[PDB]
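Down below is the structure, laid out as structure tokens.
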Amino acid sequence: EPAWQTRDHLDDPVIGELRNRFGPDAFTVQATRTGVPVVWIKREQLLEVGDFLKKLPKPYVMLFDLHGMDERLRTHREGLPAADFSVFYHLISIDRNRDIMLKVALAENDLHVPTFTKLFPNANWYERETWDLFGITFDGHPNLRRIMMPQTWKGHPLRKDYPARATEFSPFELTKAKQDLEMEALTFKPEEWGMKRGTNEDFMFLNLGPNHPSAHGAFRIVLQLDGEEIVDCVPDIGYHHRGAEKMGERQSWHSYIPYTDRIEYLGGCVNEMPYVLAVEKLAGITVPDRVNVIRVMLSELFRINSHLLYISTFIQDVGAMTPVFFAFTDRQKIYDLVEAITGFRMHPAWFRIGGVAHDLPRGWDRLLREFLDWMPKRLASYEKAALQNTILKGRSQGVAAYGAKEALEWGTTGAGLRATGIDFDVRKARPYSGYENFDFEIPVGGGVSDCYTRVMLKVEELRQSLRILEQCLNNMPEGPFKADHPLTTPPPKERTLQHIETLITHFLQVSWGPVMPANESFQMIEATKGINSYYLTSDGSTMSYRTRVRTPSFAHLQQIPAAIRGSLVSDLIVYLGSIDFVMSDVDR
Amino acid sequence: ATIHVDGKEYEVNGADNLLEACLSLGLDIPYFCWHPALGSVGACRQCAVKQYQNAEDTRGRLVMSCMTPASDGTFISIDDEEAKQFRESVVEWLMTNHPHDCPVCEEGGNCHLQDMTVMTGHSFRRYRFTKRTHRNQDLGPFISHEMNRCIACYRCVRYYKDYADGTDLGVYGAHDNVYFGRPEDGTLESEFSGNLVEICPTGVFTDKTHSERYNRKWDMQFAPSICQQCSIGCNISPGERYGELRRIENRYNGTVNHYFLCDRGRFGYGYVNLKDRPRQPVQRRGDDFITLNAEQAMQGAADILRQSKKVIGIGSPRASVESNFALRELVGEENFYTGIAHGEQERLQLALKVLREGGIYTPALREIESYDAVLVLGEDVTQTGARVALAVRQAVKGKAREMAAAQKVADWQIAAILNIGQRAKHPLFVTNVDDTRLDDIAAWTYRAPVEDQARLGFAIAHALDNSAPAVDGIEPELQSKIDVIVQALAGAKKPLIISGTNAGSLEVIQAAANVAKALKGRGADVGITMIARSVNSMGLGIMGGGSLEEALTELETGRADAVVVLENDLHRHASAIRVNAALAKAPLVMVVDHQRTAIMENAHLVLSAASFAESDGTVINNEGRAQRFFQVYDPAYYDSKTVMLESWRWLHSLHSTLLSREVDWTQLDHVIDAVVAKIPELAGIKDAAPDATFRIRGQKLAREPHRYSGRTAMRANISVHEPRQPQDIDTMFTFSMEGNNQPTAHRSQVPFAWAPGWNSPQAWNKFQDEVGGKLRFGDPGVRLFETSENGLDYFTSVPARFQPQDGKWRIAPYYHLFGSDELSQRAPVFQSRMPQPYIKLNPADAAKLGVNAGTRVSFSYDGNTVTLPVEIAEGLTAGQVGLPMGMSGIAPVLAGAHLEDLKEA
Amino acid sequence: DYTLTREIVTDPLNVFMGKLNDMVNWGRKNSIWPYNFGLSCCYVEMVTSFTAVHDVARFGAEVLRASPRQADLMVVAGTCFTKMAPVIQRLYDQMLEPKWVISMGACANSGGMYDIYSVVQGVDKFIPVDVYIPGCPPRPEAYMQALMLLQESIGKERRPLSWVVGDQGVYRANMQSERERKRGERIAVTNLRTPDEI
Ligand code: SF4
Ligand code: SF4
Ligand code: SF4
Ligand code: SF4
Ligand code: FES
Ligand SMILES: [Ca+2]
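Protein chains in written order, with the authors' numbering: chain C, 12 to 210, 212 to 600; chain G, 4 to 908; chain B, 2 to 7, 23 to 29, 36 to 220.
The following block contains the structure:
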């Protein structure tokens with residue numbers, strides 16, 4: 012049985028535990044290609060089910076995702092409960108190495124769910140986004156305001172009846188919003204932001221803006237300060253909202269890949285990988301070994317690129333302005349290889365449904381060998397010159413520290429999670445794309461996640477990625493770069509150019525789109541900045557019915573107020589430098 | 004019946020085959036040679052499924068689902084591995100000889116063969132040998148021929164010969180060298196040849212008119228519309244690209260036209276793309292023609308109309324119900340005139356009275372195929388109401404259908420039905436001034452003048468019922484033919500009487516009403532059909548008004564000093580000299596039209612109205628069904644200087660500017676509400692389509708496919724800034740892809756058929772409740788009137804027989820599908836298909852005048868000595884001259900008129 | 002041919039005043055201080071052009087001011103999100119004369135691939151643009167090429183030498199389009215390297 016086969020996961024012990032606790036008629040098991048047990052729960056039992064899952068002997072400790080779905084236009088809902096809308100909750104048990112998706116059905120008139128924030132504190136921003144884009148209210152939310160769109164926005168854009176395209180520009184509304192920006196500070200009240208006890213008459217409220225662009229993007233933080241100390245802060249995000257999920261409903265399965273590239277714009281093929289894996293699950297495609305090795309090599313090259321930018325920008329944020337020049341030279345060596353292979357630098361859009369766009373060009377191994385010879389001396393030089401400097405250490409060690417429990421309750425993944433001692437990397441826990449055939453280690457911290465431990469963990473991750481790249485260079489399999497499946501999009505170009513049935517398949521795949529049979533698929537990968545996941549719902553058409561992108565930077569930015577409370581503003585900017593986020597990842 | 008497909012239970016009709024039953028259930032089985040309207044023949048072998056004897060059977064056997072009845076307790080599997088392998092092998096065998104042609108093939112993106120190649124999963128070629136090749140034929144100006152792409156599915160010949168009764172298309176050769184086409188190069192002679200471009204699943208037969216300005220299906224902007232070229236009211240999907248009307252596709256209406264159009268509707272759309280159309284309001288100031296915008300045109304027209312002492316309005320059967328009503332409201336009911344002549348108005352109102360007061364049910368176009376005997380009186384149906392002629396051919400094949408049903412043959416086994424029937428057919432009797440295209444299947448044809456055809460109808464009615472008035476002076480041979488018709492009509496379970504206004508005779512319609520009444524009095528399930536002239540002839544008849552002669556009298560006497568002519572060239576309904584003199588006498592002529600007509604030279608103001616592609620409205624077809632047509636595209640999207648509005652919008656704004664000195668562009672639903680409030684006989688046009696607030700789960704209905712391309716480049720040469728999406732306040736459709744076109748959406752107006760995996764016209768299967776039936780949530784369009792409880796009295800005005808007077812030549816109308824309709828004859832592709840102008844003569848009359856075939860003779864009508872070449876008509880009765888109605892220079896009002904000094908030029 | 006901002025006029029250009043105008047234009051075009059403003063991925067390519075492997079400092083354009091008052095050039099390097107459009111307009115209004123604008127990348131040019139509800143379709147909908155760079159992202163040397171194009175545009179503009187004496191109108195040269203300038207060499211291309219190699 013292939014890994015993409017539709018399964019109900021009734022053999023999962025969590026299904027038997029839920030049946031013993033709540034009864035057989037309390038929930039409905041849905042068969043998916045998500046790889047996880049999908050369980051439809053009544054709305055009135057959601058908090059009970061969540062508490063039961065949190066109190067299991069090997070408990071579900073992290074709320075991985077929480078979002079909504081407009082099911083009104085979905086025609087293939089066989090075996091599913093009646094629902095105009097739905098809200099899903101993806102929960103992860105690291106100790107079990109398992110996960111469960113809970114789905115709550117909602118009628119159009121009764122669009123309210125109990126809040127999940129008492130069980131999982133990252134449900135705050137997840138429910139705010141679900142309210143913003145779908146109009147689903149969450150009862151008991153401390154402050155349920157829009158998080159992506161401005162507060163004076165009409166409608167909920169992820170609803171199926173909301174038009175996707177840009178509306179006509181108007182200078183009058185730009186003038187009005189400029190006036191709101193001008194008198195935003197004059198009419199600032201802490202109550203609408205969730206802040207309290209401000210203006212005591214000792215705290216000040218200070219807004220941060222687009223004044224420190226360290227390649228992360230534009231966003232705002234309003235800080236409540238007792239003198240120099242942060243007593244509370246909320247981040248203002250949505251300034252980088254691109255409507256990428258709505259675009260997922262707007263593009264074909266093939267023509268959405270460039271948009272996947274720009275979700276986390278320092279990641280490239282890393283961003284492409286979960287989307288094409290989830291589409292290949294929908295299509296029932298198993299890629300050959302050469303495709304797996306090529307995709308792993310591209311992912312690790314882009315992981316090294318992103319880590320180089322992250323480490324150098326952290327060093328620049330601390331104050332040492334020199335290593336960014338050399339690290340971008342190393343990024344140019346990576347770009348030499350990536351340009352030669354894919355034809356592009358930052359957004360290659362090179363992965364395909366069923367494979368990659370072209371075969372490897374002749375001479376790729378020379379460029380890979382040159383980069384693998386160039387990198388280690390440069391990395392050691394950066395370590396000795398900057399990361400072992402005691403001023404940088406005094407600026408970063410012990411700054412914005414959190415443990416394993418705080419990382420689990422906020423959905424922190426990647427190096428921030430592993431610096432707390434939790435050994436959870438997707439490439440080892442849930443292997444994908446042939447990562448199990450590579451010899452590499454997962455660096456973990458001592459139990460405490462500071463700025464410094466996160467940065468050094470990413471340095472060790474860079475070294476491990478260099479090891480994986482060495483293995484990719486030494487053992488690259490001979491074979492096809494595209495699968496021999498009819499839904500491989502596009503087909504191999506030479507057969508398209510001389511064979512009529514292949515030309516027909518190409519013609520219909522690039523124009524109307526490949527038809528993905530109606531299913532739900534999920535793919536989780538270890539991205540550059542944490543765990544990135546694609547959750548795709550196909551309604552049997554050539555476009556996605558729903559494209560949900562879970563990004564780790566959203567969770568990290570939500571964790572910011574809990575970790576930085578009681579610190580200084582300098583600690584905050586160092587913390588932002590050490591998070592490894594981009595605003596495109598946060599806002600999608 | 005109960006079937007089990009892949010272990011799932013389904014309830015189906017046992018009289019259906021497994022292919023149409025499984026397609027009606029939403030299951031996907033690839034198929035080529037089967038069509039819902041043509042039956043099953045089992046040729047292509049694509050539709051293989053695995054049938055098991057019972058539930059406890061694992062072996063099974065491969066069967067053709069189209070040839071297998073969907074009987075009770077039938078166990079089949081579609082997703083069986085051997086069935087999937089065989090279906091892929093059938094696609095592969097078709098692919099061995101198929102040309103590498105998809106980029107340069109007009110079927111691409113709309114091709115059933117492409118869809119089934121992808122559906123079977125065949126994408127790898129292992130055949131390595133040569134491909135067979137064919138030369139192409141020239142098939143005329145409408146259909147392009149490319150025999151390389153043929154998969155030998157036999158759909159074309161089955162449709163063209165067995166369905167449409169065409170004679171000049173066939174299959175030649177044998178084995179893998181079978182050829183589909185004409186026996187030699189020439190134009191396809193069938194009036195329904197254009198349906199080949201949708202019947203053929205490949206790109207062999209393609210739309211040449213679309214091929215000139217070709218674009219793919221995903222790039223089209225579609226709207227549900229009604230064909231404007233005659234009164235039948237076939238549902239169409241016009242598709243536009245880059246501001247020009249590109250194609251007319253068939254829009255499935257299970258009540259009216261189902262799968263098929265006629266060639267006039269399919270190819271006569273070219274007048275929309277004419278470059279001489281008015282695009283802006285133009286005011287004639289002396290010898291100058293200045294261009295106005297909408298507001299100042301309204302202000303100037305309103306000022307001049309306010310200064311006038313009496314304003315009259317002249318409507319047209321070309322215009323919609325809303326436009327004619329808006330003109331009637333602008334000028335007043337007592338000042339409103341229908342644009343047709345007095346005799347045409349009398350015939351149209353008599354046909355209307357027979358339809359909605361005769362007590363006899365009038366069938367829809369699909370229902371015509373279920374009648375057991377047909378009498379056509381006077382109306383050359385193939386040239387005037389062509390789709391009715393196609394339906395009549397199906398009703399004629401009903402006898403073979405009944406004979407095969409007596410022998411327990413399934414209704415989809417079409418070859419067995421045709422073999423059992425042989426040449427047997429239901430009785431058909433056609434009367435005309437000459438031969439018709441229905442003479443090949445008619446049991447009898449009566450070639451006679453219109454008075455003699457009416458007398459034959461009156462005699463048939465009298466022999467059916469003695470209370471009907473008798474006819475004196477019937478010859479014994481004609482009496483024997485009358486008796487043959489009488490026993491054929493009396494023995495029929497469902498007789499159908501077809502007539503219309505195109506014969507130019509009131510007595511023909513009266514005789515048809517008498518025959519229908521006599522059949523109704525005997526307890527028969529009789530139906531009556533009236534063929535009108537134009538798309539909204541019945542709507543103009545229901546609205547009523549004075550004739551064009553009265554309007555010209557008002558203009559000539561000086562009682563009216565302002566005339567507003569709506570969508571009427573005025574020369575088809577009255578003599579051109581009288582019209583020109585009356586319009587020159589009037590100090591204000593305003594012409595609201597979308598075509599450059601001859602009366603615009605003397606017009607003081609010309610309002611650039613919208614054609615059907617750029618407008619919304621309602622039209623009433625020949626059976627009284629109100630149907631809404633929706634705007635296809637915004638004419639101002641590319642050319643921002645284009646001020647081309649709906650006629651009702653122009654006239655409503657003119658009325659508002661005349662009354663309150665303020666402009667009011669209004670909304671379509673407001674005008675429809677005004678129509679149904681003021682005219683109760685048109686109250687059913689409210690329910691022809693839902694209003695503009697209708698939504699499918701909150702979203703509008705999309706006009707263009709979801710893969711519509713070039714949004715940020717199609718207007719980039721004009722400006723790199725993308726314009727605002729055109730807003731549609733009038734209807735529930737949006738001028739974008741951001742809308743709903745799901746086959747399961749609860750609606751009746753479908754702009755185009757597309758489903759995932761079905762890009763061809765076969766997606767209409769997904770849009771239907773059952774395949775070949777109706778649309779899933781009802782066919783659009785409602786009937787204005789029900790059958791009345793009581794009928795009319797017998798018409799006692801039996802005319803005298805035709806007598807040839809010396810020196811006077813009675814004009815016999817000859818209609819042409821390509822040429823008689825005004826707008827379609829303006830289409831450039833129709834000029835090659837148009838017959839050359841002529842005059843038909845009896846051999847005795849031509850010998851008396853000393854002329855041969857081809858000699859040019861001259862005649863004077865209303866002081867216009869015009870010269871035409873003579874051709875000899877064998878079937879025309881002496882004392883008559885055959886003239887082609889509706890052509891250039893020959894108005895349709897000349898039918899039934901008389902000619903003087905007809906002599907050799 | 003020139004366009005005047007106070023219409024299409026001619027060249028307003036004594037011989038000493040022409041030399042002074044050339045000296046001022048030379049000093050302005052050789053000292054262009056960009057504003058450090060990051061919208062999206064295009065800004066990553068811009069700051070890549072600032073690094074050692076490209077060294078945009080060689081053109082004297084590396085200073086990268088954090089205040090709009092000290093900056094001469096606004097590079098809109100990224101998507102003009104609807105929430106960020108008032109911020110961009112306010113930052114542009116806070117810049118002082120003379121100021122130039124480079125729209126960098128498809129998003130800033132036209133909205134790019136993001137014809138979506140939350141994105142303004144091009145920064146030229148509300149602020150004027152001196153140089154457009156196609157690309158998604160443009161590579162760092164494309165940003166340097168646009169910098170050189172801006173230098174050529176600055177080197178032949180006419181601005182007042184003082185605000186107390188003379189014409190105060192700003193004259194911008196109607197330069198020949200780069201497409202039409204390069205059409206002769208671009209159409210003459212026949213063969214390119216096959217994509218199977220490095
Ligand atoms: S008929 Fe269909 S498969 Fe054949 S060339 Fe045309 S589009 Fe392609
Ligand atoms: S020409 Fe078309 S309809 Fe006729 S047999 Fe060939 S593929 Fe079928
Ligand atoms: S029969 Fe009449 S309404 Fe139908 S397609 Fe032909 S011209 Fe149009
Ligand atoms: S143009 Fe492309 S690279 Fe530049 S901001 Fe937009 S998505 Fe990013
Ligand atoms: S569709 Fe049944 S054999 Fe052709
Ligand atoms: Ca309209």
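C-beta atoms are modelled at their ideal positions from N, C-alpha and C, and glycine is treated no differently.
Quick check on the DSSP output: the beta strand (DSSP E) that includes residue i runs from which residue to which?
i, result
"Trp122(B)", "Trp122 to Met126"
"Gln883(G)", "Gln883 to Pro887"
Answer yes or no: do residue i and residue j have a C-beta to C-beta separation smaller than 8 Å?
i, j, result
"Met96(B)", "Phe72(B)", "no"
"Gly388(G)", "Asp782(G)", "no"
"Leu852(G)", "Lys777(G)", "no"
"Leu21(G)", "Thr61(G)", "no"
Can you check whether the C-beta of residue i is within less than 8 Å of a C-beta belonging to chain C?
i, result
"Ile220(B)", "yes"
"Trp221(G)", "yes"
"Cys105(G)", "yes"
"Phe81(B)", "no"
Grab the span of the alpha helix (DSSP H) containing residue i for me, first residue to last.
i, result
"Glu532(C)", "Run containing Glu532(C): none in the alpha helix (DSSP H); it sits in the beta strand (DSSP E), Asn531 to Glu538."
"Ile488(G)", "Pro479 to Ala493"
Could you tell me whether the Cβ of residue i comes closer than 8 Å to any Cβ of chain G?
i, result
"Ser132(B)", "yes"
"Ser97(C)", "no"
Against chain B, does residue i count as a neighbour if the rule is that its beta carbon must be under 8 Å from one of theirs?
i, result
"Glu741(G)", "no"
"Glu707(G)", "no"
"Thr178(C)", "yes"
Taking 8 Å as the cut-off, does the region 788–807 of chain G touch the region 759–767 of chain G (at least 3 CB pairs, one atom from each stretch)? In short, these stretches do not touch, since the Cβ pair count stays below three.
Hey, is the region 226–243 of chain G in contact with the region 181–191 of chain G, meaning 3+ C-beta pairs nearer than 8 Å? Segments in contact, no.
For the region 356–372 of chain G against the region 586–602 of chain G, do three or more pairs of beta-carbon atoms, one drawn from each stretch, fall closer than 8 Å, so that the two count as touching? The region 356–372 of chain G makes no contact with the region 586–602 of chain G: fewer than 3 CB pairs, one atom from each, lie closer than 8 Å.
Using 8 Å as the threshold, is the region 125–138 of chain B in touch with the region 100–109 of chain B, meaning 3 or more CB pairs across them? Cβ pair count under 8 Å is three or more, so yes.
Contact the region 480–494 of chain G vs the region 413–423 of chain G: 3+ CB pairs below 8 Å: Short answer: they don't touch.
Please determine if the region 28–43 of chain G and the region 281–294 of chain C are in contact, where contact requires at least 3 C-beta pairs separated by less than 8 Å. Contact between the region 28–43 of chain G and the region 281–294 of chain C is absent: fewer than three C-beta pairs spanning the two stretches fall below 8 Å.
Listed from N- to C-terminal order along the chain, which residues in the region 127–152 of chain B have their beta-carbon within a distance smaller than 8 Å of any beta-carbon of chain C? The region 127–152 of chain B vs chain C, Cβ under 8 Å: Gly133, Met135, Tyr136, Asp137, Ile138, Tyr139, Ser140, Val141, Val142, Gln143, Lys147 and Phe148.
Looking at chain B, which residues of the region 376–400 of chain C have a Cβ within less than 8 Å of any of its Cβ atoms? Against chain B - using a Cβ distance shorter than 8 Å - the residues of the region 376–400 of chain C are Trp376, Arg378 and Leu379.
Count the C-beta pairs between the region 195–215 of chain G and the region 140–148 of chain G that are closer than 8 Å, then say yes if the count reaches three, no if not. With a cut-off of 8 Å, the region 140–148 of chain G and the region 195–215 of chain G count as touching, because enough Cβ pairs lie within range.
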